[PDB]
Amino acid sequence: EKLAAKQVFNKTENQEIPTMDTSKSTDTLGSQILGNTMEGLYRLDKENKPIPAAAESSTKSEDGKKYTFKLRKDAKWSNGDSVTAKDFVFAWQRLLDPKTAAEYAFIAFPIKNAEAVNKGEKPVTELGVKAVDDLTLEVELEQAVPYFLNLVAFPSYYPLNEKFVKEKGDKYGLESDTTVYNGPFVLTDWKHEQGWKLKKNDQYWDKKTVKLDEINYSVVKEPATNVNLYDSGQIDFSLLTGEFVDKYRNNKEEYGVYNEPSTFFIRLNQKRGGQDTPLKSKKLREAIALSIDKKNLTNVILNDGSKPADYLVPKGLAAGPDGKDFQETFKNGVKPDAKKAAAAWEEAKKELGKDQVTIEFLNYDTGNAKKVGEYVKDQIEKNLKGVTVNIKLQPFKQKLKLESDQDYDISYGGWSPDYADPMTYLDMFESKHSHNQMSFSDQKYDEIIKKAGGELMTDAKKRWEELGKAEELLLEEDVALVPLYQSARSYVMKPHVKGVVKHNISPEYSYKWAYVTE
């Protein structure tokens, strides 16, 4: 295993990075690039376990509500500034400051006074996080969270250089030269919708461990172009979907499958801007959930190890107090049936006072997402005779803004867990939660969801049954959204590229331990 001369890793992504502002990032792509150009207090190691990163150690109080983090004196930002505990004070106050309008403010609510800060009841200075020293960060929690060292390894908890963010203002995080880096790599040559480079950060304290000199990224939206780039040696890595999986499936040196605790689904928006949509109809939402044969979607279109899913909480995310997987236990979801779909759609005509309906289907502009869109559109139109579904392709940045603004009717999207617990899928759909984005509201659901939260440390077992009935109320009774599949990424990786880590929680990839052999 001899090191090569060129420590260069070439890949593609099929979207432009939405933003490099840590406080406003909502998505797995920004998380990937931030998770390689920043460093939180902790990071996930090669087997997804939280280890000291920007902190060199941490202590946990008797009652589990106070944390003390000890930082590295030699840690520096890419502009030469020392990484201080005040960078953690600033970043966390900025994520929660109402004026920031951060859609991920909620992931910091475990911090003391965080939700009061985000509501605007107390000033940001009351946030349960203090810089006693340049190298000592103490953090007070509302209550004990056993996976808190995991949460500080999540990108929304990454630090920020206040002086740099204040100087760049509203340009902060939109450009590679308007972002500053405390991670293993720096972001350079960020050509919007084209590509960007990760270069080894010479100002990083653990630069001795980083072997890659650069990771090159191109935006490529067509799987056929990705297979050509890989075969010609232009790139070292490619996801595989559809017919393109068949060619590589048998190659034990290069082919892998990433089995992701992650699900894709159709969002049903009940209120577009401030006007009701046909999706207010419980019978229409039921009819859309019954009309999609998911077996043909995953076995022919995806073709990559993805499993059909009637459930939202993915299999292998978390296990209960008896060690049984959450999704194997409850097996929640509506089972598709074309005939039940028709009969529920007949009922839906009376609820709405219409026999013909036009719903806009919001979709990614990538090659395999088009085929998924056309399949679902053909399934709904075929089984709900009189429904017109108009597909709208959008790039990811623009698609995420339409969703957060609720300027859509139905949307195809996916959720990657923020933590190894079903609440990361379920909490989204409580009334007025940041990521509902479909004006779905059920008082029955909100009560059960928030009961499960204080209960984890007290009555963990009752909580497990509570969340199972809550997903049941959400999928089968209310039919708030339509799950499609549990994701599994097919890929090829060149044999000479070693040590690349796939994670269950974002950042999805770490490259700091990756190296190239000959």
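In this text, residue numbers run from 1 along the sequence as written.
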When the C-alpha temperature factors are averaged for each of 280-288 and 213-221, which stretch ends up with the higher value in the entry? 280-288
Assert higher mean C-alpha B factor (229-237 or 291-299, deposited values) equals 291-299
Have a look at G173, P395, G256, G120 and flag the one whose Cα has the highest B-factor in the entry. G120
In this crystal structure's PDB entry, the residue among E477, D27, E39, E47 with the greatest CA B factor is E477
In terms of the chain's CA B-factor thirds, is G35 lowest, middle or highest? lowest
Divide the modelled residues of the chain into thirds by Cα B-factor and specify which third, lowest, middle or highest, holds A369. middle
Could you place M428 in the lowest, middle or highest third of its chain by Cα temperature factor, using the values in the record? highest
In terms of the chain's CA B-factor thirds, is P155 lowest, middle or highest? lowest
Ranking the modelled residues of this chain by C-alpha B-factor as given in the entry, is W464 in the lowest, middle or highest third? highest
